[PDB]
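All of this is worked out from the model, or read from it or from the source named; no laboratory instrument gave them. Please note: Cβ atoms are built from the backbone with ideal geometry, for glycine as well, and neighbour counts cover all protein chains shown.
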Amino acid sequence: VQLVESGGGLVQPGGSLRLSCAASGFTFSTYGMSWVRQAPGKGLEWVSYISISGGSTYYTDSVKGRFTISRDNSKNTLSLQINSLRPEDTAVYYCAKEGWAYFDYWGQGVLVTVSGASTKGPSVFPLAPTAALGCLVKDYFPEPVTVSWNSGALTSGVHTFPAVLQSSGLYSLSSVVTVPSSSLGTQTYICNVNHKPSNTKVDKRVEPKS
Amino acid sequence: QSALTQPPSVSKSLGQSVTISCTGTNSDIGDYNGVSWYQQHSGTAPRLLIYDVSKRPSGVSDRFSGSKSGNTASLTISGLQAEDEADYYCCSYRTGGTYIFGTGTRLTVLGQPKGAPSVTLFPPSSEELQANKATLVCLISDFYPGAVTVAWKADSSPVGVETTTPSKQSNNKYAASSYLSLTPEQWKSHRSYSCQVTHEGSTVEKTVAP
């Protein structure tokens, strides 16, 4: 089962976004679908539901008059139009498949950030080197940034830390890998940093210090 | 439009049994068997734990059991293991066709083997310096329990510091990062800078120099 989300990013207060989710690995047109959200601080809030046929449509109290859910059963997609957005609509939005009055499969979610600020891509610096090498992903906005190492081939010893909000208003995080010292000359270490809200993607090669 | 109510925190020990309450009204938990429970680890989407009040999906450990009585639902976890450390959410169908989540419960699993923090400290990258900026990065990992205090020194005087709240690695332990932001000349001035990490009754300290 896959539920792949899209849409999201930054939007000015009062503005609007469409979110979509594409579904595979199950018979999409036989299930009700939902969207659920989660603000950075707090919990899950169910947002919306659409019946199998698209004929019935339900909304949480704090969302009515502003959100519209729709689905397309020939293209296996689900959509949430979110309007008149306020800073408190800042959240991760998950699409969720219904089993039967429960939700058995969730998407990984897209982060909607509602602010009057503007978009800014990351500057990616190497933390050069058992040794540890890493990448310092600095001064971006808004969240989120994803980090992989060597196109996701490298898995062990990887820890990407949470982001830090600076008094500037920008985020910064780092990703670190722990590698056998014996390979600093033979293996190549590349950090791949995706910042979808700015359509920027940056690959940095990390090499041992001079 | 009010949520199902749960305890915000529960601290228990390895091997113990815990029970988490979720209270609603007659329109949700009372009149329907539409009660489901979800687990959420950090940086990941919720997963379904229990549906139809007491049914376990395959794959879910049988240490997890659900029930209800009147307007109160119960999630019970037998033989707490370290992996059970997660957020738990109650959820229910509600008359009118909506779903409503519980406010959430954070579960801490106490009696785990204590691990001391490994500290790794990075001077500013050369490329960052070329961009007229300095930033020291202190990465802390592999420590249990999760409480740490991070201090910074310049030579030996105490010190632009931002620190992440510790976080799930989370096999057994935690990780955090602290950043010291400097102007490159302030970096060029002092003989050394230190990162001090205080955990339990130990403090691990590291030092870099220009």
Extreme residue, nearest to residue A:102 (Cα to Cα), among residues of the range B:9-33 that are aliphatic (A, V, I, L, M) and outside any loop (DSSP other than H, G, I, E, B): B:29
Strands (runs of 3 or more DSSP E) lying entirely in the range A:89-132 (those with 2 or more residues that are within 10 Å of another protein chain (Cβ to nearest Cβ)): A:91-98, A:103-106, A:123-127
Yes/no for residue B:107 being within 29 Å of residue B:76 (Cβ to Cβ) and either touching a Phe, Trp or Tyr at 6+ places or on another chain (Cβ under 9 Å) or assigned to a strand (DSSP E or B) (or both): yes
Some residue of the range B:152-162 being more than 9 Å from every other protein chain (Cβ to nearest Cβ) and crowded, with 21+ Cβ neighbours inside 10 Å: no
Test: residue in the range A:2-13 that is in contact with a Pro (Cβ under 7 Å, 6 or more places away or on another chain) and among the small types (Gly, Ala, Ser): yes
Members of the range A:159-173 found to be closer than 12 Å to residue A:146 by Cα, touching a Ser or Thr at 6+ places or on another chain (Cβ under 6 Å) and assigned to a strand (DSSP E or B), listed by number: A:160
Failed item, numbered, when residue B:130 is tested on (1) in contact with a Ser or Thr (Cβ under 8 Å, 6 or more places away or on another chain); (2) within 14 Å of chain A (Cβ to nearest Cβ): (1)
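Residues are listed down the side, and each one gets a yes or a no for (1) within 24 Å of residue A:88 (Cα to Cα); (2) assigned by CATH to the domain that holds residue A:99; (3) under 23 Å from the mean Cα position of the chain (by Cα):
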residue: A:1; (1), (2), (3): no, yes, yes
residue: A:7; (1), (2), (3): yes, yes, yes
residue: A:47; (1), (2), (3): yes, yes, yes
residue: A:53; (1), (2), (3): no, yes, no
residue: A:56; (1), (2), (3): no, yes, no
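Among what's in the range A:12-50 and is of a type in the set (S, T, N, Q) and more than 14 Å from chain B (Cβ to nearest Cβ), pick the residue that is nearest to residue A:80 (Cα to Cα).
The qualifying residue nearest to residue A:80 (Cα to Cα) is A:20.
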Matching entry among A:154, A:127, A:133 (being over 23 Å from residue B:131 (Cα atoms) and either surrounded by fewer than 20 Cβ atoms within 10 Å (Cβ to Cβ) or out of contact with any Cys (no Cβ under 6 Å at 6 or more places or on another chain) (or both)): A:154
Those residues of the range B:172-205 which are surrounded by fewer than 17 Cβ atoms within 10 Å (Cβ to Cβ) and either on the phi > 0 side of the Ramachandran plot or in a strand (DSSP E or B) (or both), in sequence order: B:198, B:200, B:202, B:203, B:204, B:205
Flag if residue B:1 is part of a strand (DSSP E or B), closer than 30 Å to residue A:143 by Cα and not hydroxyl-bearing (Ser, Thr, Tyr): no
Residue tally, condition among the small types (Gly, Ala, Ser), outside any strand (DSSP E or B) and closer than 20 Å to residue B:205 by Cα, over the range B:149-171: 2
Criterion: at the interface with chain A (Cβ under 8 Å from one of its Cβ atoms), part of a strand (DSSP E or B) and surrounded by 14 or more Cβ atoms within 10 Å (Cβ to Cβ) - qualifying residue of B:74, B:92, B:36: B:36
